[PDB]
Amino acid sequence: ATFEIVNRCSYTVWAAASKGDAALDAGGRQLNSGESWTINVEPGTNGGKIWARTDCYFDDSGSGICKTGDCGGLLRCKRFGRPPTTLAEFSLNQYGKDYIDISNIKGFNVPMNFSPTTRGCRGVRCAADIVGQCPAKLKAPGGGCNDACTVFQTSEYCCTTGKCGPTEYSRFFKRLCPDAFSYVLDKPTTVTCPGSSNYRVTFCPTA
């Protein structure tokens, strides 16, 4: 499928696309305010993720660091990024259809809109100012708003026993962004799209 990753934020971010054990397309790229990055994610891609990284510093070899969403210090990500990271999640060509969602399970760093550029389904969005409203204990010193699992490492927040319920912290993310997963067992906000649909991920959609 084809994804256009657009940065509408007034400042540069560093986009990243990965399925965990490898990079999607180039994997990562610098995106200045207003720039667009088109990529082709191989069909059949399961567990793909697209996100933004903030305050990055890379040398000529694509090696460095970012304050949010850093992926092993590489410009071109081969792995998922370090929280907090608003996540555009998706799986393509699964039993004839695709499904997408936005997740705050790994925290929030930048507002986002994840929508299809073809027909057959609607998009999802989480454009509230979660960083600005972030509770003191979840505020990431490097910028962003950490999820409770990242901050406290408990079975409840991380839902490690496969059994957990909503929490005061997950409720913060759910209240500001109803259409995004607030915790692991959150009521699905997944959207089912026709197989092989195309999409556009927009950072700071309401800017």
Side-chain angles (χ1 to χ4, degrees), residues 1-9 13-29 31 36-53 68-69 71 77-81 83-128 130 144-145 147 159 170 173-207:
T2 293
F3 284 81
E4 184 176 61
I5 301 175
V6 179
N7 174 32
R8 187 170 291 154
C9 305
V13 298
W14 284 260
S18 171
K19 67 178 181 69
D21 54 356
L24 289 184
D25 195 291
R29 204 208 90 175
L31 220 55
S36 303
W37 180 38
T38 317
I39 65 174
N40 185 64
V41 175
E42 177 187 24
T45 291
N46 180 291
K49 295 186 191 308
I50 283 175
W51 73 98
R53 294 168 288 172
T68 72
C71 63
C77 298
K78 286 74 179 179
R79 296 277 181 292
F80 295 138
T85 63
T86 307
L87 299 175
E89 309 182 306
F90 56 93
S91 288
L92 317 170
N93 310 288
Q94 308 298 296
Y95 310 96
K97 298 305 175 192
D98 305 329
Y99 68 65
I100 61 178
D101 73 71
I102 286 192
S103 172
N104 288 138
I105 291 175
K106 285 291 169 175
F108 175 100
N109 66 327
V110 180
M112 158 196 290
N113 181 281
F114 186 3
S115 293
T117 60
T118 54
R119 359 72 203 192
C121 56
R122 80 290 183 178
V124 295
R125 174 147 61 189
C126 175
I130 286 175
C145 192
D147 58 280
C159 212
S170 75
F173 294 94
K174 202 58 179 186
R175 177 176 303 104
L176 281 286
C177 282
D179 286 2
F181 282 76
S182 60
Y183 72 111
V184 183
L185 295 183
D186 195 355
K187 172 184 183 193
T189 40
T190 295
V191 175
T192 305
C193 291
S196 295
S197 309
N198 295 298
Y199 309 92
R200 173 178 297 124
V201 178
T202 313
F203 301 129
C204 299
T206 72

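Residues: numbered from 1 along the sequence shown.
Rounding to the nearest 0.5 Å gives a distance of 8.5 Å between CG of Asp101 and CG of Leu87. Rounding to the nearest 0.5 angstrom, the gap separating the OH atom in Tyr183 from the CG atom in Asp147 is 14.5 Å. Between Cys77 atom SG and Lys49 atom NZ the span is 13.0 Å, to the nearest 0.5 Å. Between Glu89 atom CD and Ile100 atom CD1 the span is 11.0 Å, to the nearest 0.5 Å. Once rounded to the nearest 0.5 Å, the distance linking CG of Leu92 with NZ of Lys97 reads 13.0 Å. Taking CZ from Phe108 and OG1 from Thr85, the interatomic distance works out to 10.5 Å, rounded to the nearest 0.5 Å.
Here the side chain of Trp37 pairs no donor or acceptor atom with the backbone of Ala15 at under 3.5 angstrom. Put simply, the side chain of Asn113 never gets that close to the backbone of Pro205: no donor and acceptor are under 3.5 Å apart. Panel note: side chain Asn198, backbone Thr2; a donor-acceptor pair is recorded below 3.5 Å. Not one N or O on the side chain of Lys19 forms a donor-acceptor pair closer than 3.5 Å with the backbone of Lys78. Not a single donor-acceptor pair under 3.5 Å links the side chain of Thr38 to the backbone N or O of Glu4. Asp25 contributes no side-chain N or O that, together with a main-chain N or O of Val41, makes up a donor-acceptor pair within less than 3.5 Å.
Across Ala23 and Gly27, no two heavy atoms sit closer than the pair CB-CA, 3.7 Å. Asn40 and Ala1 get closest at one heavy-atom pair: OD1-O, 3.2 Å. The shortest heavy-atom contact between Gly44 and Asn93 is N-ND2, 2.7 Å. The heavy-atom pair separating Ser36 from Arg29 by the smallest distance is O-NH1, 3.8 Å. The two residues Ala17 and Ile50 have their closest heavy-atom pair at CB-CG1, 3.8 Å. Shortest non-hydrogen contact noted between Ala180 and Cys126 is CB-CB, 4.5 Å.
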For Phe173 and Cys145: C-alpha separation, side-chain torsions, deciding distance, then whether side-chain contact (heavy atoms from CB on, under 4.5 Å) applies. CA-CA 10 Å; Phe173 294 94; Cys145 192; 4.0 Å; yes
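At a threshold of 4.5 Å between non-hydrogen side-chain atoms, the residues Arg53 and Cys71 count as touching. The shortest distance between side-chain heavy atoms of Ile39 and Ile5 falls below 4.5 Å. Contact annotation: the side chain of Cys204 approaches that of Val110 to within less than 4.5 Å [non-hydrogen atoms, C-beta and beyond]. Considering only heavy atoms from C-beta on, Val124 stays 4.5 Å or farther from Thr189 through its side chain. Counting heavy atoms from C-beta outward, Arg125 and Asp179 have side chains that stay 4.5 Å or more apart.
In terms of the side-chain hydrogen bond (donor to acceptor under 3.5 Å, both in side chains) criterion, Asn104 has no residue partners (sequence neighbours excluded). Remark: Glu42 engages no residue in a salt bridge (charged side-chain N to carboxylate O under 4.0 Å, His left out) (not counting sequence neighbours).
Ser196 and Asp98 form no side-chain donor-acceptor contact under 3.5 Å, judged by distance and modelled atom types alone.
Using bins of under 30°, 30° to 60° and over 60° for the plane-to-plane angle, the ring pair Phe114/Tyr199 lands in the perpendicular bin.
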